Amino acid sequence: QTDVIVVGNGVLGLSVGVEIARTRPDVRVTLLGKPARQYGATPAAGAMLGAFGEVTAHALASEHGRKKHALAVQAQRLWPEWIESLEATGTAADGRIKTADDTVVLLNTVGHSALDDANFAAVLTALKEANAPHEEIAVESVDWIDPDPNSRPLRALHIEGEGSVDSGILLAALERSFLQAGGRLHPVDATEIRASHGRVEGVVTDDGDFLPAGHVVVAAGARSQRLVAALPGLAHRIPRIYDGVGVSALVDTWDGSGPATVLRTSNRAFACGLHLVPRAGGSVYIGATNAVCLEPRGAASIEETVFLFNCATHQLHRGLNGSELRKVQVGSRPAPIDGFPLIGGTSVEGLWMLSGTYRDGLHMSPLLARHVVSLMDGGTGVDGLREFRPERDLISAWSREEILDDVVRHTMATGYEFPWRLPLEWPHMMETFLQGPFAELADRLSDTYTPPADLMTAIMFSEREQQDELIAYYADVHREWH
Amino acid sequence: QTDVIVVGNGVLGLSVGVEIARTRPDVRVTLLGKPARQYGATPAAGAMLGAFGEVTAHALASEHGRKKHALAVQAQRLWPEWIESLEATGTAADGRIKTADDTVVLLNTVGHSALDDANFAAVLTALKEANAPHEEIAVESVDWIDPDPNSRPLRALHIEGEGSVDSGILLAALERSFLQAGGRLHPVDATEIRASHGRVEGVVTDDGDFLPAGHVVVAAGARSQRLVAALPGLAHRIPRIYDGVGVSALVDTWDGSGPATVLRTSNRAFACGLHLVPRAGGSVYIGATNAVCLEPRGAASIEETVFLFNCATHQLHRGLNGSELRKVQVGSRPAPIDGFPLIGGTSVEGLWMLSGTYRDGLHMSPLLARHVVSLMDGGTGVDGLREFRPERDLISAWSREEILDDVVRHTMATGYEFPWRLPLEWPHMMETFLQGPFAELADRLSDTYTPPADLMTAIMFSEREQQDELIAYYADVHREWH
Amino acid sequence: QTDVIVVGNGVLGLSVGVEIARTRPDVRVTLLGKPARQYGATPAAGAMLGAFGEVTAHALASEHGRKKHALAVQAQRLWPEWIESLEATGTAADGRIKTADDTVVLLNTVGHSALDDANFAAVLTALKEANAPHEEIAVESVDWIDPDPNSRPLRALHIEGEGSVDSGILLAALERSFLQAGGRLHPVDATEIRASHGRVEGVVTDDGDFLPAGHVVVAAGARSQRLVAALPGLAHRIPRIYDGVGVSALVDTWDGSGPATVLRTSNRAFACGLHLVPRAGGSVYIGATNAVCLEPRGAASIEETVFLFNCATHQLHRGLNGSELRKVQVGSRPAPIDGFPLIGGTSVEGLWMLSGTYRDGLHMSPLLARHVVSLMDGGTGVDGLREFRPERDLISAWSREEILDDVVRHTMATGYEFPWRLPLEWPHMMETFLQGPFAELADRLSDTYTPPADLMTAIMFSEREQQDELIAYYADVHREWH
Amino acid sequence: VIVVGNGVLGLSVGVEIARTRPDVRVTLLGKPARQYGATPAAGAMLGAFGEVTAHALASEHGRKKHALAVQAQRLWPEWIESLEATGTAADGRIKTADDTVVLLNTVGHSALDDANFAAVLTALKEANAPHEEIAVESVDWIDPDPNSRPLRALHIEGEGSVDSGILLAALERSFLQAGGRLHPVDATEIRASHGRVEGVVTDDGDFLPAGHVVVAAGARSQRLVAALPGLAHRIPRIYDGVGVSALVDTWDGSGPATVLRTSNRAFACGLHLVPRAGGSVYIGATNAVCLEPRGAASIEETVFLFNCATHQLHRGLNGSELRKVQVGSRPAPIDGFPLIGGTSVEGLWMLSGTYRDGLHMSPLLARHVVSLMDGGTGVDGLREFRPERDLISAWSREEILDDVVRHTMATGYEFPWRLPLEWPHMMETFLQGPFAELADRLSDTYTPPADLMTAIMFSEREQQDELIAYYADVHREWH
Ligand SMILES: Cc1cc2nc3c(=O)[nH]c(=O)nc-3n(C[C@H](O)[C@H](O)[C@H](O)COP(=O)(O)OP(=O)(O)OC[C@H]3O[C@@H](n4cnc5c(N)ncnc54)[C@H](O)[C@@H]3O)c2cc1C
Ligand SMILES: Cc1cc2nc3c(=O)[nH]c(=O)nc-3n(C[C@H](O)[C@H](O)[C@H](O)COP(=O)(O)OP(=O)(O)OC[C@H]3O[C@@H](n4cnc5c(N)ncnc54)[C@H](O)[C@@H]3O)c2cc1C
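Reading the values: the criteria
- Residues numbered from 1 in each chain as written, not as in the entry; some residues may be left out.
- Chains lettered and ligands numbered in written order.
- Heavy atoms only, no water.
- Helix = DSSP H or I, 4+ residues; strand = E, 2+ residues; numbered from the N terminus.
- Rg over C-alpha atoms; globule rule 2.2 N^0.38 Å.
- Buried < 20%, exposed > 50% of the residue type's maximum accessible area, 1.4 Å probe, protein only.
- Contact = heavy atoms within 4.5 Å.
- Areas by Shrake-Rupley, 256 points an atom, 1.4 Å probe, with all protein chains shown as cover.
- Pairing = 2+ DSSP bridges.
- Right-handed = clockwise from strand over helix to strand, strands pointing away.
- Salt bridge = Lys/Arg side-chain N within 4 Å of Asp/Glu carboxyl O.
- Near = heavy atom within 4 Å.
- Polar contact = N/O pair within 3.5 Å; in protein donor to acceptor, adjacent residues only side chain to side chain.
- Nonpolar A, V, L, I, M, F, W, Y, C, P; charged D, E, K, R; others polar.
- Buried area = accessible area lost by both parts, 1.4 Å probe.
- Least-squares fit on C-alpha atoms.
- Axes fitted to C-alpha atoms, helices over the stretch in contact; angles between N-to-C directions.

(A) Here's a closer look at the overall build of chain D. Each helix and strand counted, chain D has 12 helices and 20 strands in total. On C-alpha atoms alone, chain D measures out to a radius of gyration of 22 Å, which is about the 23 Å that the 2.2 N^0.38 rule sets for 479 residues. Taking all 479 residues of chain D together, the buried fraction comes to 62%. Looking at chain D alone, contacts between residues at least 24 apart form 75% of all its contacts between residues at least 6 apart. Carbon together with sulfur atoms contributes 50% to the accessible area of chain D, which is approximately 17400 Å² in total.

So this is what it looks like as structure tokens:
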């Protein structure tokens, strides 16, 4: 066929669906996925259009991290016209995609100096280097916030033109825009990709049906690699994607108020972070925890809920303490095993992947969609995304030594972010006794590959059988590529 | 036949519905209320069959409190045959009403000595006085629990034959038993009770309909007095009932385990308390917060959720920290303004009330149902419930001095239960500076009536307009009865 | 006679002794006081030459506070030449008076935003207004410090030419310089000043002797008003001075290191503050608590010791935790009842006072000495000391409303500086319930006079008999002056 | 006879020798400063049943030590009578309390505090000692933080306390009355040849001749005897168990009628208040084994002691005046048991390594050594504790490794810390490996007790290497 099947109904599937439908009016594009959006990252997102706010010293210390940052800055420029084009297919009563134009980054001491102080400096540096509009402002001038004095910020940074969207209104606008462009929504899941003679034939659905296609775009979030890995040789040629389980909440504020801007800290222990995204109608979004899990999980832990609420009520606004909990949200950030996204073509003709975007696939969605659509039309898409081709040896963006320093520092940061109260000698003792066991795990996993810190901590506290399976995986990948 | 309308589909409405339908073949009985059970206490309950566990030194210091306790002990004896009679109308696949036969009461130091130490002694005394089977056990012998050592119990009390039911399975069994007995469920709300010539005519429903009846039983939980107060003179003759908003949660335990018994503390600050009720299928119930509100609220505050989770994870089982949150539940304990229930007949022929049961209407339900059904058949029901007739001057069960000591002590207990960490001189200072403002409020509200501590704290932190309205209410009640 | 007696052997007595001896070589100057220096402020001082570091928003909001600040800035200019003139009478082996040239002010969140944030801004403003050399610096550039990350500074201010002296080496240098200039040390205490026909005759000593003099300078620290108040009418014409009991400690650092600068916060709750003053030979000085006491006290409380050690180990250097405690020091800051010093002449010819200097008598010593010596020579001394003449109606430097806001804010600051951990609603409740009792005390004490916050808190927690005695004192002062 | 050392043990044996051998000259060495002195820093509790731990009573050597403590308690009333008899009313009273209350709170590890409270109750019942578990509400005087309050309390009848300062004064006075001579210098060297003591070189250069030398020099005792031939690897090393205590003038001049204490806690730390005359209370006491002596409190020790006392015993102590921070060295034997009795050198005796309870055992230990010196057999239970011995192995390496991880965790729970709930289990798992590795590296046969193992873990690599050599030289000497 010249038929296109998009597998997945998150921001990436729907965004690529809209761009394919709009630019290929002569082709049938069908998008698979259910309204439940099981383990769905996009519906649990605030979401911040995070570029400069997402800067960490650790990310900007690697070439791959600097490349990722450049793409985030490029994506930000597409959002105004993208939103215009999505709202155009609706009416006033569909509501507004954009919920804030600006972001304030707060620096408080409820965290590790080695992360929060380094990350605040790295954000300031990245803004100056980009000539991006921003101002360090007096904390007293930040409107709305009412923190616990012992948890209060002492520095604040206003980032102009870095805002937020309502992820629910965005998903609704994308579905409507997809239909307007001639797309068809088929609310079932793909169970199997069918291929022979090095080319896609189509997709078996979970209602037993077979849908034929010349093109299949896998944008199934954390399920994307598990779906393609069934095809011959692809188990050790497409980097694994795990579930970065994240917890967020919708809160009806005590007085119906909200901040005019996004409020956030820099990224914290293991890509956790504290932020408040404005919503319409006396609701605010607060987020968001992160924990890499080797198996999917669709419910918040008690610990995640308490940590998120404690951070927001102390560090942002004590008024949230008396505010009503409307919804606890859980979704899976697609967490690539080598720390970088899986975007583009495959050794199978007509098979494409758009996944592994972790914290910022929603922000990058208009750029990533346009890239894959350019590739499908025989173009070269966006310069700088070829490094992130899905069929690849695992990337080694950092030394084993760098990752081992990072994992101990992030482990300690879970304490300082609580925040704990310990005898003053205990942290130094814990630091010294964490180094050995993480060095031992890293050496045991593989002679060539080291999992990034966020994955290494999950592997450290997984079962021995799960660690053994990963040792086998890394060995089979080394065999395939070397 | 002579029609009966039961207004309300909680435990009390359904329990009286079942008893009327089963004992009165001459009556058509119709029960009003919606499946949503808005503000419903019963669905948010664990629930503990609380008699001896509910004992406090303060309750047993008043004649009215001792009378209430006696009824709780009598109700416990009805439960085995009551459950038998409800399960008999179903099949194995409907599930079991009883989830535990026994209770363990734990004493830890995450609370005020003036409440927890006095209440533990009062429970021991009440058990010995009743010749009830119990024993003080070694904490090491309490199975399953895994508390934070700094939050651990140092004393434990096993109460034999004081257990728990699944409130959801009880409600299902009551509805099924009601239908089997010839009852009719009409899923609408009463908006108005119609009366003329000193007699009930029936009920206007919220779909505009009028249902005629010779008998109307109001068991609408926290809405019960607001519904009858519209009838002539009844605004100052039926004590007000407020919303004792309570938060509980269902948790899927990390390993599917649960305790074999109820685990609880004694009642704590303002009729808050910590307990875990076993459930079938790897779930546990944890509860339960309490806050008297002058207006209803159907969502948990952030503060209530954090406090409940923090108490359960530290004081009962650290494993709950990594367990999955299934559901946050919110319901309104009917909180009578004078601290005692509203049970029996009215100055309006055929108008009955079953409400204001606060923490233990579910436990007392089989006894309370049988009492009201006996009264409706011209009997005298249960000895000792006449004091709790719904049409009455406000009861004064305590001196103003007693309530003022209680409210300061319970306020301080909110600190010790957190638990806070303060400079050692601060608690004595706070105690001294709380006395004056509560004495001033009590003196300003009325020359004769004092709200019980749980209501006094809610009034202290209500708006000036709400305090003024209550001053007018107490003055109009004094006028009516004196 | 033309003989001069200086009563008191602290920094002020010895400083004025040195200036009199050096400028009047034809006159006999005798200095009284014993080597033990009971309750002595000077030996317990670090000491910081505190001018800009002592700035608070509250002080600079009053005309009297702006006058005090101007004098501190004038005194700072005298110190380099004053030290040169004192070291000139000794040799290298006598040790160096100056222990640091510069001060770093740190801003952390272990305190009340309403004090620490306002005071940091006030220091920056006062430095710019004075054209003083200073720089806001990166916290990472502050050498030596190793705080708890949860207690770490996020802003830092370098003040050039605001340093510290070794108070012990200063006292030794002053005694040596006094003897070199012809001064005589008589190690007894004055019991009585003798005066008749409106002129001083001399001093009765505690060994029964009488020393004649034409001039008596009272610099007896917290005992100075008690000594002059015995003269006719002077009991209600010389403002009372109380004991500002302060605790400091000498610590031998784990590795013999110390910072190159003074390290301090701004002044905190009730003129407490955290600072570390470098010393020679592997010692550091840490201070300093403050409590106004209605009677003198010569030993640290447990609370004062714990608070000082906890602040220093968390906020400055965790290495101090493992460091050896050499000495806990206690001295009495002369605390004037109206909040301002007693400097200059009297209605008695030849009677002078130099006292009530509270936190900065040592810093102001060279200026205060020169002022009194100018007055004794028939000059007008230093411009801006006239409001601080010792024979005066009590100053009212603030409105009762200003002091009431200050005392509640400083009370709350004792919590945030601990730092406490409380439920988020508790601080607002405590703030509301503190206002009434302090307003009631202020209204009861006097219709015209209000004690400054530091004294008001001591009176609030004193016995009813001590409050009654103060009501009588204020009434007798009003009678004398109105 | 020369007694080397002027602590409770030296003076107690001095008094017993002087009183029972009136025909002999007994001279006692030591200076008024009592540098690193344990006795002056002691409360002191006459600790027998209060000193019981589950871990101590699980070993034969620990049960033997406990039996001696119970025997010593019976000697105290007549011993005090005999010391006060040499003075007047104005010298003050040695005894400050007759009874002890043991409090159980949750400011500690369940694995220590809960096990130790049960072990105390059991040891009291087994001994037929008078005691009763009492309502916490019936404990007079105490005013704890409610979050730090006890929920169980135990009254121990006839287990009390003495004023260590008044005891030392009474011992010196009683020594002089009995014909003893005080020579305020330190021994630098014991002189011996032909397998017999000749006497002592003092630090002022003098030589004092003697037929008997009793070494009771606290934590310095083994270092002094180790200089004699072969004795470096035949007398177990003694280290400094540095302890911090404080004298506090109470806000209202009040005090409790009894000793107030918890059971022993992390690494033989413990919280107690000992009554004193004149509106003073003693609070103690920290413990840290140090490989070199230390004569000043750390900031951490002072804060921990004050924080424990103000929260767990009486909030009134917060506003009370600090009179004195005291520091002394508990003689900490490397194998965990005392060094009492005779030597392979004729006329050389040792009384040391008593750690937490040398003062309590002093009248029994004095009488034992005096019996031995007179050709008797002294007290039946003391033979295992002879000073010239292979290092005792009272516990398995596995037992000590469980203990050291549990005591490390207890330092957290006693603070008390506030941590994420997953952190303690993680720390427990990551402590096991490094302590197992240290124990295996130190020796194939000897394991230091937990209190010493933690000090070795955090010592310099050179100090660990020196201990590996010491253990190897001891193994060589005895096997
Ligand atoms: C708590 C949280 C907060 C976040 N905050 C932000 C933020 O502030 N800014 C930001 O830019 N991003 C944010 N993100 C999202 C992040 O950018 C993600 O990388 C992004 O949403 C990924 O989108 P996706 O379309 O790849 O995956 P998803 O959004 O997970 O979409 C995948 C969809 O495919 C479906 N699917 C799965 N298997 C199949 C199958 N076999 N067949 C068909 N359908 C299938 C799933 O059910 C799901 O609906 C957040 C995410 C989380 C969890
Ligand atoms: C968190 C929590 C924990 C609890 N734990 C326990 C426990 O362990 N043990 C125990 O014994 N009890 C427990 N209780 C419950 C307590 O006993 C209550 O007193 C009891 O459930 C009250 O029963 P009810 O039927 O009067 O009220 P509800 O259960 O509130 O029932 C009233 C019903 O009437 C409906 N209604 C309201 N207005 C109208 C109208 N106009 N027309 C028709 N229907 C209307 C409501 O929607 C509701 O469904 C708990 C309650 C809470 C909130």
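(B) Molecular detail of the pairing of strand β1 (residues 4–7) of chain A. All names here are of chain A. Of the two faces of β1, the one lined by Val4 and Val6 and the one lined by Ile5 and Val7 are each fully buried. Across four bridges, the pairing between β1 and strand β2 (residues 29–32) is parallel. Counterpart to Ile5 in the pairing with β2 is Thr30. Following the chain from β1 across helix α1 (residues 11–23) to the adjacent parallel β2, one finds a crossover that is right-handed.

(C) Region of the structure containing unusual backbone geometry. All names here are of chain C. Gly46 connects to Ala47 through a cis peptide bond whose omega is 10°. Mapped onto the elements of the fold, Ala47 is located in the loop between β2 (29–32) and α2 (57–60). Note that the residue after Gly287, namely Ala288, is joined by a cis bond; omega there is -10°. Relative to the elements of secondary structure, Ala288 occurs in the loop between β16 (283–287) and β17 (291–293). Positive phi outside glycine occurs at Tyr39, with the angle close to 60°. Within the secondary structure layout, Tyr39 lies in the loop between β2 and α2. Taking the relative accessible area as the measure of exposure, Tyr39 reaches 26% and is therefore partly exposed. Here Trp144, not a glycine, exhibits a phi torsion of approximately 80°, which is positive. Among the secondary structure elements, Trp144 is positioned in the loop between β5 (134–137) and β6 (155–159).

(D) Region of interest: the pattern of salt bridges. All names here are of chain A. The tally for this structure, following the rule as stated, stands at 114 salt bridges over all chains. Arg444 is the partner of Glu440 in a salt bridge, and the nearest nitrogen-oxygen pair spans 3.5 Å. Of this pair, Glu440 and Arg444 both sit in helix α10 (residues 426–445), four residues apart, which is roughly one turn of the helix. A relative accessible area of 46% means that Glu440 is categorised as partly exposed. The exposure class of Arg444 is partly exposed, given its relative accessible area of 32%.

(E) Examining the site of ligand 2 more closely. Residue and element names in this part refer to chain B. Every one of the 35 residues lining ligand 2 counts as a neighbour, but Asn9, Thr42, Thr357, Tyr358 and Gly361 are closest to it. Within the contact set of ligand 2, a nitrogen atom lies 2.8 Å away from a backbone nitrogen or oxygen of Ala190. In the complex, 95% of the free accessible area of ligand 2, which totals 1000 Å², lies under the protein chains. For the shell around ligand 2, the secondary structure elements donating two or more residues are α1 (11–23), β18 (324–336) and α8 (361–376). Split into classes, the residues belonging to the shell around ligand 2 amount to 16 nonpolar, 13 polar and six charged.

(F) View of the interface of chain A and chain C. Chain A puts 25 residues into the contact, and the matching count from chain C is 26 residues. A buried area of about 2300 Å², summed over both sides, lies between chain A and chain C, and 52% of it is on carbon and sulfur atoms. At the junction of chain A and chain C, the tally comes to two salt bridges. Joining chain A to chain C, the criterion identifies 11 residue pairs in polar contact. Elements with a minimum of two residues in the side of chain A that touches chain C: α4 (113–130) and α7 (302–315) of chain A.

(G) Structural detail: the relation of the copies chain A and chain C. When chain A is fitted to chain C, the best match, at an RMSD of 0.4 Å, comes from turning it 179° and sliding it 0.3 Å along the axis. Expressed as an axis order, the relation between the two copies is that of a two-fold axis. Within chain A, the C-alpha atom positioned nearest to the axis of rotation is that of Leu154 of chain A, 3.1 Å from it. When the interface residues of chain A are mapped onto chain C, 100% of them are again interface residues, pointing to one common binding face.

(H) Fine view of the sheet that holds strand β11 (residues 210–212) of chain B. Residue and element names in this part refer to chain B. Across the sheet, which stays open at both edges, the three strands sit in the order β9-β10-β11 with antiparallel pairing between neighbours. For this open sheet the edge positions go to β9 (190–196) and β11, each flanked by a neighbour on one side alone. The mean angle between the axes of side-by-side strands here comes to 30°, regardless of whether they run parallel or antiparallel.

(I) Representation of the interface of chain A and chain D within the structure. Taken together, the contact between chain A and chain D spans 20 residues of the former and 20 residues of the latter. When the buried surface of chain A facing chain D is broken down by residue, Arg421, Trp426 and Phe433 of chain A rank first, second and third, together holding 36% of it. Joining chain A to chain D, the criterion identifies zero salt bridges. Mapped onto the side of chain A that touches chain D, the elements with two or more residues apiece are α9 (400–416) and α10 of chain A. If you tally residues by element for the side of chain A that touches chain D, the top one is α10 of chain A, at six residues. Counted by class, the side of chain A that touches chain D contains 14 nonpolar, three polar and three charged residues.

(J) Focus on the sheet that holds strand β8 (residues 184–186) of chain C. Residue and element names in this part refer to chain C. In spatial order, the strands read β8-β2-β1-β12-β20-β19; together these six strands make up an open sheet with mixed pairing. Both edges of this open sheet fall to β8 and β19 (342–345), since each of them pairs with a single strand only. Neighbour-to-neighbour, the strand axes of the sheet open up by a mean angle of 20°, direction not taken into account. With four bridges joining them, strand β1 (residues 4–7) and strand β12 (residues 215–218) adopt parallel strand pairing. Paired with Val4 across the strands is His215, a residue of β12.

(K) Seen up close, the site of ligand 1. Residue and element names in this part refer to chain A. Around ligand 1, 35 residues are found, and the nearest of them are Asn9, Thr42, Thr357, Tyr358 and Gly361. Interatomic distance of 2.7 Å between a side-chain N/O atom of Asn9 and an oxygen atom of ligand 1. Between ligand 1 and the protein, one listed contact pairs an oxygen atom with a backbone N or O atom of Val11 at 3.3 Å. Of all the elements in the fold, those that place two or more residues in the shell around ligand 1 are α1, β18 (324–336) and α8 (361–376). Split into classes, the residues belonging to the shell around ligand 1 amount to 16 nonpolar, 13 polar and six charged.

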